[PDB]
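The block underneath contains the structure these notes are about, expressed in C-alpha cells.
Cβ atoms come from the backbone with ideal geometry, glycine included; neighbour counts cover every protein chain shown. Values quoted throughout were computed directly from the atomic coordinates according to the rules given, and no laboratory measurement underlies them.
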Amino acid sequence: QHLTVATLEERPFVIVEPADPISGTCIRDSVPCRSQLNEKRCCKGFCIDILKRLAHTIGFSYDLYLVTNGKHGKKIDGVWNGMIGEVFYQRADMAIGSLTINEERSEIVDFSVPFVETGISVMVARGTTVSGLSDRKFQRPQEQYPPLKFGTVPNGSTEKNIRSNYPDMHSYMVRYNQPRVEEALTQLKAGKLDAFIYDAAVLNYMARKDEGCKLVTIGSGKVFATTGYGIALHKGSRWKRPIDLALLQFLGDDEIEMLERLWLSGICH
Ligand SMILES: CCCc1cnn(O)c1[C@@H](N)C(=O)O
C-alpha cells in the first residue's frame with residue numbers, strides 16, 4: 001500500500017535540505033519531502049532512516065511532507081495542530097520525527113512502541129552554578145532579585161509537562177520562551193538565558209556536539225518522567241502492529257543502536 005507521512009524538521013532526527021542544484025534530485029541518503037503549504041526539498045536523519053527501513057521491511061511506499069500547521073502537536077480550544085493534528089484529522093496515515101509520547105496525545109492517536117528514549121533535561125553553560133531542576137532558582141523564581149533566566153520552546157510536551165506539574169514556575173518561564181533550539185542556544189551562549197529546559201534526546205545531542213564543549217545538560221532526576229519518541233498513527237490503525245514488530249526487530253537486531261551511533265554521537269562528554 002501507499003502511506004502519507006507527516007514529519008517536521010528537528011536535527012538530527014529530521015534534517016531538511018534543498019535538492020542538489022546540479023542533478024535537481026535528492027542525492028546521498030536523503031528522500032524527497034514536500035511542504036504542507038505545497039522549491040523541492042530533501043529530508044534525512046535518524047527518523048528518516050527508521051522510515052526507510054519500515055517501508056522496506058513492511059513493504060509500503062510513501063510520500064513524506066513537512067508540517068507547517070504548528071509543530072509537534074498542541075491542542076488549542078478543542079482543535080489539534082502539528083503532526084498530531086495531521087494524524088488525528090486523518091490527513092496523514094502516520095507521523096514520524098522527534099514526537100514525544102504523552103497521555104494527552106495517546107488518548108486520541110495510537111503510538112508505535114517507543115524507539116528513542118527521551119524526557120526533559122536542562123542545559124546550562126558549563127560555568128553556571130545551579131543544582132538541577134529541584135533548585136529553588138527554578139521553582140521559586142521571583143524570590144531572587146535578579147531572577148534566574150530560563151525558558152523552553154513552547155507548545156510541545158515539555159511545556160505541557162511543566163505547566164501541569166509546576167504551574168508557578170511555568171508562568172515565570174513564559175517570558176523566556178524561545179522559537180527554536182537554535183535561538184535558545186544562541187541566547188544561552190550570550191548570557192540572555194541562564195538555562196534551557198527541553199526534550200532530553202535533542203538537548204543531550206546538542207551538548208555532545210557543542211563547539212568547544214561549553215554547554216552541558218543536567219538530568220531531571222525525579223523532577224520529570226522518562227518517556228520516548230513514537231510514531232503516531234490513526235486511533236485503531238492497522239499499521240501499528242506491523243510497525244511495532246519491525247521496530248522491535250530493529251531494536252534487537254542492533255539496527256537502532258547503529259543508527260544512534262550514526263546520527264546522535266558527538267565529541268563532547
Ligand atoms: C516545539 C516543541 C518541541 C518540544 C519540546 N518538548 N518536546 O517534547 C517537544 C517535542 N518533542 C514534542 O513532542 O512536543
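Quick notes
- Scan of region 176-216 for residues that are assigned to a helix (DSSP H, G or I) and more than 11 Å from the ligand (Cβ to nearest atom), ordered by number: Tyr176, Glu182, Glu183, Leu185, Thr186, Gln187, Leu188, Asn204, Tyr205, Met206, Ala207, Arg208
- Reported count of residues in region 239-259, each being under 20 Å from the mean Cα position of the chain (by Cα) and surrounded by 13 or more Cβ atoms within 10 Å (Cβ to Cβ), is 6.
- Count of residues meeting criterion [more than 15 Å from the ligand (Cβ to nearest atom) and in a loop (DSSP other than H, G, I, E, B)] in region 110-139: 10
- The condition of being within 23 Å of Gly82 (Cα to Cα), under 15 Å from the mean Cα position of the chain (by Cα) and within 16 Å of the ligand (Cβ to nearest atom) does not hold for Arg163.
- Residue count for region 37-57, restricted to those that are farther than 20 Å from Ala246 by Cβ, of a type in the set (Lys, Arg) and not in a strand (DSSP E or B): 1.
- Extreme residue, farthest from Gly97 (Cα to Cα), among residues of region 140-159 that are part of a helix (DSSP H, G or I) and out of contact with any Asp or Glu (no Cβ under 7 Å at 6 or more places or on another chain): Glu143
- Within region 63-82, being under 20 Å from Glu17 (Cβ atoms) and either surrounded by 19 or more Cβ atoms within 10 Å (Cβ to Cβ) or within 13 Å of the ligand (Cβ to nearest atom) (or both) holds for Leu64, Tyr65, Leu66, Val67, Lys71.
- Matching residues, region 1-36, being surrounded by fewer than 19 Cβ atoms within 10 Å (Cβ to Cβ), in a loop (DSSP other than H, G, I, E, B) and touching a helix residue (DSSP H, G or I) at 6+ places or on another chain (Cβ under 9 Å): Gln1, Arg11, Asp29, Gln36
- Counting only residues that are within 12 Å of the ligand (Cβ to nearest atom) and in contact with a helix residue (DSSP H, G or I) (Cβ under 7 Å, 6 or more places away or on another chain), region 86-103 holds 7 of them.
- Search result, residues across region 82-104 that are closer than 20 Å to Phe224 by Cα, in contact with a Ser or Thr (Cβ under 8 Å, 6 or more places away or on another chain) and of a type outside the set (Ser, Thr, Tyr): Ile101, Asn102
- Within region 150-174, residues that are among the aromatic types (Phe, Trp, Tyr) sit with their Cβ atoms under 8 Å from residues that are in a loop (DSSP other than H, G, I, E, B) and away from the ligand (no atom under 12 Å from the Cβ), at 6+ positions apart or across chains, in these pairs: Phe150/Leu193; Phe150/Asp194; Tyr172/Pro147.
- Failed item, numbered, when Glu107 is tested on (1) of a type in the set (D, E, K, R); (2) buried (at least 17 other Cβ atoms within 10 Å of the Cβ); (3) within 16 Å of the ligand (Cβ to nearest atom); (4) over 29 Å from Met206 (Cβ atoms): (2)
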